[PDB]
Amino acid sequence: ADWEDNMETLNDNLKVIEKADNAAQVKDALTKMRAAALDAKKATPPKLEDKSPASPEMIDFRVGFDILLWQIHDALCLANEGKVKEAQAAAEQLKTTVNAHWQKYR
């Protein structure tokens, strides 16, 4: 998928997590976010379409999605332990990272 569509997926699953009722729902949403973030790693965002795929700017873009993947895992590890409210709180940090990525690269 396109970068913008992956970003839509990330925001939508953040909403799902915010209203989630159990650990399975959180796990499922975070899995979909992980797939969207790994897919966005292969994309080029609008701001960087005038940069080469291995420019320092594009390497930093990909590393920013690595950062997001490890934050997704923090929430996911909490959810795997059945600690649903803790995982939702952790998803708050994901909102910050996603919004900052949106604003930096759109």
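Numbers for residues come from their place in the sequence shown, where the first is 1.
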Between 25-33 and 76-84, which has the higher average C-alpha B-factor in the PDB entry? 76-84
If you rank every modelled residue in this chain by C-alpha B factor, which third holds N6: lowest, middle or highest? highest
Where does the C-alpha B-factor of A20 rank in its chain, lowest, middle or highest third? middle
Compared with the other modelled residues in the chain, in which third is the CA B-factor of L14? middle
